[PDB]
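J.: Below are the structure tokens for one structure; questions will follow.
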Amino acid sequence: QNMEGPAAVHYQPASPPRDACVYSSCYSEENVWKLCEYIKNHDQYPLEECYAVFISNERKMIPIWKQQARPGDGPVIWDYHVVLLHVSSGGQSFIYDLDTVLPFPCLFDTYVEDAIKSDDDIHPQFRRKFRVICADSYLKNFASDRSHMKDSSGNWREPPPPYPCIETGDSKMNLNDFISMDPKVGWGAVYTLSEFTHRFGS
């Protein structure tokens, strides 16, 4: 037996329940943007405690386990995936992934251990990198005209979300600057898996 603060024990979620969140399959950057907007407009938590997290790598092929699109024990291989990270007042981080079969929200260590898993056994070019943008910066700077979701004749590869494209005064499309794991582009900070866990893990 071993005695393991209790703040995380009573943690109240920052989002509506999973079924009530704005959600479109294969638009996780927008699903997370909408979670950020919800948190901003409600009175429960400050945006300063939350981050948008882009997961990808140079070849844009990342395995993620415990994903809804592939029930079972195998991974989905995404080009990129986006989740929301909340650093709660006591220090415990929580991950909000609308596409995970893990709990929504999920304790950080469980998401890293069960959804991401160790990179040690993975061929290095499939390893995961993390771009962490404070949610306020994400809402201020993110823009997507959804042009990456259309084939050469303009047809939608996956049905679009049911609201107009997210744009800013500075840009109508900079999604690649978030998917990139090059620190020379975009906003926020780029972390290896070990740096990500060191920064946000217990």
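How things are named: the first chain in the structure tokens is A, the next is B, and so on; residues count from 1 in each chain; ligands count from 1 in the order shown.
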Write out as a VMD selection string the residues lying within 12 Å of residue 66 (chain A), counting only C-alpha atoms and excluding same-chain residues fewer than 5 positions away.
T.: chain A and resid 71 to 77 97 to 103 106 110 to 117
J.: Write the residues of the selection above to a file with N, CA, C and O atoms, as a tab-separated table (two decimals), in the first residue's frame.
T.:
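Below is the file that was written, result02.tsv:
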```tsv
chain	number	residue	atom	x	y	z
A	71	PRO	N	-12.07	1.36	-33.50
A	71	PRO	CA	-12.23	0.58	-32.27
A	71	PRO	C	-11.33	-0.65	-32.29
A	71	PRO	O	-11.02	-1.21	-33.35
A	72	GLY	N	-10.87	-1.04	-31.12
A	72	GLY	CA	-9.89	-2.09	-31.01
A	72	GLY	C	-8.57	-1.55	-30.49
A	72	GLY	O	-8.46	-0.41	-30.03
A	73	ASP	N	-7.55	-2.39	-30.60
A	73	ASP	CA	-6.26	-2.12	-29.98
A	73	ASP	C	-5.22	-1.57	-30.95
A	73	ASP	O	-4.07	-1.36	-30.55
A	74	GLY	N	-5.59	-1.32	-32.21
A	74	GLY	CA	-4.66	-0.77	-33.17
A	74	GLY	C	-4.76	0.74	-33.23
A	74	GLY	O	-5.65	1.35	-32.62
A	75	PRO	N	-3.85	1.37	-33.95
A	75	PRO	CA	-3.86	2.83	-34.05
A	75	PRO	C	-4.59	3.36	-35.28
A	75	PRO	O	-4.79	2.63	-36.26
A	76	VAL	N	-4.98	4.62	-35.23
A	76	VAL	CA	-5.31	5.38	-36.43
A	76	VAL	C	-4.04	6.11	-36.83
A	76	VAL	O	-3.32	6.62	-35.96
A	77	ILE	N	-3.73	6.16	-38.12
A	77	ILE	CA	-2.57	6.91	-38.58
A	77	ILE	C	-3.12	8.21	-39.15
A	77	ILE	O	-3.68	8.24	-40.25
A	97	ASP	N	-10.19	15.23	-25.88
A	97	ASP	CA	-10.10	14.73	-27.25
A	97	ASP	C	-11.48	14.21	-27.63
A	97	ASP	O	-11.90	13.14	-27.17
A	98	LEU	N	-12.20	14.95	-28.48
A	98	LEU	CA	-13.54	14.48	-28.84
A	98	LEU	C	-13.51	13.15	-29.58
A	98	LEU	O	-14.54	12.47	-29.63
A	99	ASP	N	-12.38	12.75	-30.16
A	99	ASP	CA	-12.29	11.52	-30.93
A	99	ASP	C	-11.74	10.32	-30.17
A	99	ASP	O	-11.62	9.24	-30.76
A	100	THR	N	-11.39	10.47	-28.89
A	100	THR	CA	-10.84	9.35	-28.14
A	100	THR	C	-11.96	8.50	-27.55
A	100	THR	O	-13.07	8.98	-27.30
A	101	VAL	N	-11.68	7.20	-27.37
A	101	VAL	CA	-12.58	6.35	-26.61
A	101	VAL	C	-12.25	6.42	-25.12
A	101	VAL	O	-12.99	5.85	-24.30
A	102	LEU	N	-11.16	7.09	-24.76
A	102	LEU	CA	-10.85	7.33	-23.35
A	102	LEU	C	-11.88	8.31	-22.80
A	102	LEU	O	-12.68	8.86	-23.55
A	103	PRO	N	-11.89	8.54	-21.48
A	103	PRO	CA	-12.85	9.49	-20.92
A	103	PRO	C	-12.63	10.90	-21.46
A	103	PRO	O	-11.53	11.27	-21.89
A	106	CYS	N	-9.79	13.46	-19.94
A	106	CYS	CA	-8.92	12.37	-19.54
A	106	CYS	C	-7.72	12.94	-18.82
A	106	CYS	O	-7.13	13.93	-19.26
A	110	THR	N	-2.79	9.37	-18.28
A	110	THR	CA	-3.47	8.26	-18.92
A	110	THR	C	-3.56	8.46	-20.44
A	110	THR	O	-3.49	7.49	-21.20
A	111	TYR	N	-3.76	9.70	-20.89
A	111	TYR	CA	-3.85	9.92	-22.33
A	111	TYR	C	-2.50	9.67	-22.98
A	111	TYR	O	-2.41	9.01	-24.03
A	112	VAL	N	-1.42	10.16	-22.35
A	112	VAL	CA	-0.09	9.96	-22.91
A	112	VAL	C	0.28	8.49	-22.91
A	112	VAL	O	0.87	7.97	-23.87
A	113	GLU	N	-0.09	7.77	-21.84
A	113	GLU	CA	0.29	6.36	-21.74
A	113	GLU	C	-0.54	5.45	-22.64
A	113	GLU	O	-0.01	4.51	-23.22
A	114	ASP	N	-1.84	5.71	-22.77
A	114	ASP	CA	-2.74	4.79	-23.47
A	114	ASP	C	-3.09	5.23	-24.89
A	114	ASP	O	-3.31	4.38	-25.74
A	115	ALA	N	-3.18	6.54	-25.15
A	115	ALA	CA	-3.47	7.01	-26.50
A	115	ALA	C	-2.20	7.27	-27.28
A	115	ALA	O	-2.10	6.90	-28.45
A	116	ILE	N	-1.21	7.91	-26.67
A	116	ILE	CA	0.00	8.21	-27.42
A	116	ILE	C	0.96	7.02	-27.38
A	116	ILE	O	1.49	6.59	-28.41
A	117	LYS	N	1.18	6.47	-26.18
A	117	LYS	CA	2.15	5.43	-25.89
A	117	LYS	C	3.59	5.87	-26.12
A	117	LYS	O	3.86	6.95	-26.65
```
J.: Name all residues at most 12 Å from residue 44 (chain A) (count only C-alpha atoms; drop same-chain ones fewer than 5 positions away) and give them as a list in words.
T.: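 Surrounding residues, per the criterion: residues 11, 12, 13, 14, 15, 16, 38, 39, 49, 88 and 89 of chain A.
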J.: Would you write out those residues with C-alpha atoms, as a PDB file, in the first residue's frame?
T.:
```pdb
ATOM      1  CA  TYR A  11     -12.234  18.255 -11.131  1.00  0.00           C
ATOM      2  CA  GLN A  12     -15.247  19.621 -13.028  1.00  0.00           C
ATOM      3  CA  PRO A  13     -15.028  19.483 -16.839  1.00  0.00           C
ATOM      4  CA  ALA A  14     -14.485  22.683 -18.809  1.00  0.00           C
ATOM      5  CA  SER A  15     -16.658  21.515 -21.690  1.00  0.00           C
ATOM      6  CA  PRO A  16     -20.201  20.250 -22.139  1.00  0.00           C
ATOM      7  CA  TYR A  38     -17.042  27.834 -25.308  1.00  0.00           C
ATOM      8  CA  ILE A  39     -14.572  28.197 -22.439  1.00  0.00           C
ATOM      9  CA  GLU A  49      -5.170  27.815 -18.343  1.00  0.00           C
ATOM     10  CA  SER A  88      -6.176  22.816 -13.684  1.00  0.00           C
ATOM     11  CA  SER A  89      -5.643  25.009 -10.641  1.00  0.00           C
TER      12      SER A  89
END
```
J.: When DSSP is applied to the backbone of this structure, which of region 70-149 of chain A are assigned strand (DSSP E or B)? Write them out as a list in words.
T.: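 Matching residues, listed in order: residues 76, 77, 78, 81, 82, 83, 84, 85, 86, 87, 93, 94, 95, 96, 100, 106, 107, 129, 130, 131, 132, 133, 134 and 144 of chain A.
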J.: I want to know what sits within 10 Å of residue 30 (chain A), based on only C-alpha atoms, with residues of the same chain fewer than 2 positions away left out; could you give that as JSON, numbers by chain?
T.: {"A": [22, 23, 24, 25, 26, 27, 28, 32, 33, 34, 35, 36, 82, 142, 143, 144, 146, 161, 165, 166]}
J.: Write out as number ranges by chain the set of residues from region 51-184 of chain A that DSSP, computed on the backbone, places in helix (DSSP H, G or I).
T.: A: 108-116, 124-126, 135-141, 147-149, 175-179
J.: Take the residues from that selection and write them out as a CSV table (one decimal), in the first residue's frame, keeping C-alpha atoms.
T.:
```csv
chain,number,residue,atom,x,y,z
A,108,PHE,CA,-2.9,13.7,-18.9
A,109,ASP,CA,-0.8,10.8,-17.8
A,110,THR,CA,-3.5,8.3,-18.9
A,111,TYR,CA,-3.8,9.9,-22.3
A,112,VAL,CA,-0.1,10.0,-22.9
A,113,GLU,CA,0.3,6.4,-21.7
A,114,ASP,CA,-2.7,4.8,-23.5
A,115,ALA,CA,-3.5,7.0,-26.5
A,116,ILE,CA,0.0,8.2,-27.4
A,124,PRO,CA,11.6,7.3,-35.3
A,125,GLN,CA,10.1,8.9,-38.4
A,126,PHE,CA,6.6,8.1,-37.0
A,135,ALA,CA,-5.9,29.0,-26.3
A,136,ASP,CA,-6.2,32.8,-26.4
A,137,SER,CA,-3.5,32.9,-29.1
A,138,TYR,CA,-5.3,30.1,-30.9
A,139,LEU,CA,-8.6,32.0,-31.0
A,140,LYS,CA,-6.7,35.2,-32.1
A,141,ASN,CA,-4.6,33.7,-34.8
A,147,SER,CA,-9.3,24.0,-48.8
A,148,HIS,CA,-7.3,21.0,-47.6
A,149,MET,CA,-10.6,19.1,-47.3
A,175,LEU,CA,-3.6,25.8,-40.9
A,176,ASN,CA,-0.3,24.5,-42.3
A,177,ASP,CA,1.5,26.9,-39.8
A,178,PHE,CA,-0.1,24.9,-37.0
A,179,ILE,CA,0.4,21.4,-38.5
```
J.: I want to know what sits within 10 Å of region 58-60 of chain A, based on only C-alpha atoms, with residues of the same chain fewer than 3 positions away left out; could you give that as a VMD selection string?
T.: chain A and resid 55 77 to 81 125 to 129 179 to 182
J.: Those residues you just picked out, can you put them in a file as a compact mmCIF listing (two decimals), in the first residue's frame with N, CA, C and O atoms?
T.:
```
# COMPACT_ATOMS: atom_id res chain seq x y z
N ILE A 55 -0.83 17.62 -32.83
CA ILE A 55 0.06 16.47 -32.83
C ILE A 55 0.37 16.13 -34.28
O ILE A 55 -0.56 15.92 -35.08
N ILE A 77 -3.73 6.16 -38.12
CA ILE A 77 -2.57 6.91 -38.58
C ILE A 77 -3.12 8.21 -39.15
O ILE A 77 -3.68 8.24 -40.25
N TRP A 78 -3.00 9.30 -38.40
CA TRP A 78 -3.48 10.60 -38.84
C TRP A 78 -2.36 11.38 -39.54
O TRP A 78 -1.17 11.18 -39.25
N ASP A 79 -2.74 12.33 -40.41
CA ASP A 79 -1.73 13.30 -40.84
C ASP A 79 -1.43 14.28 -39.71
O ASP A 79 -0.26 14.65 -39.48
N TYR A 80 -2.46 14.70 -38.96
CA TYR A 80 -2.32 15.47 -37.73
C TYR A 80 -3.57 15.25 -36.89
O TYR A 80 -4.61 14.85 -37.41
N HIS A 81 -3.48 15.55 -35.60
CA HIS A 81 -4.66 15.51 -34.75
C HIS A 81 -4.58 16.64 -33.74
O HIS A 81 -3.48 17.07 -33.38
N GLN A 125 10.76 7.95 -37.51
CA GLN A 125 10.09 8.92 -38.38
C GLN A 125 8.58 8.96 -38.18
O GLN A 125 7.93 9.83 -38.76
N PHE A 126 8.02 8.06 -37.37
CA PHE A 126 6.61 8.10 -37.00
C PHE A 126 6.39 8.72 -35.62
O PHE A 126 5.26 8.76 -35.15
N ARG A 127 7.46 9.15 -34.96
CA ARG A 127 7.33 9.67 -33.61
C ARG A 127 6.48 10.94 -33.58
O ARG A 127 6.35 11.65 -34.58
N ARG A 128 5.82 11.17 -32.45
CA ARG A 128 4.89 12.28 -32.32
C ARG A 128 5.57 13.52 -31.78
O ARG A 128 6.35 13.45 -30.82
N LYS A 129 5.25 14.66 -32.38
CA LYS A 129 5.62 15.98 -31.90
C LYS A 129 4.35 16.77 -31.59
O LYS A 129 3.28 16.50 -32.15
N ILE A 179 0.11 22.86 -38.30
CA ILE A 179 0.41 21.44 -38.48
C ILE A 179 1.91 21.22 -38.51
O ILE A 179 2.42 20.20 -38.02
N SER A 180 2.63 22.16 -39.12
CA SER A 180 4.09 22.18 -39.08
C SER A 180 4.61 22.02 -37.66
O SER A 180 4.11 22.64 -36.71
N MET A 181 5.65 21.21 -37.52
CA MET A 181 6.37 21.12 -36.25
C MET A 181 7.70 21.85 -36.31
O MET A 181 8.58 21.59 -35.49
N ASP A 182 7.85 22.77 -37.27
CA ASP A 182 9.03 23.61 -37.39
C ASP A 182 8.89 24.82 -36.47
O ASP A 182 7.98 25.63 -36.67
```
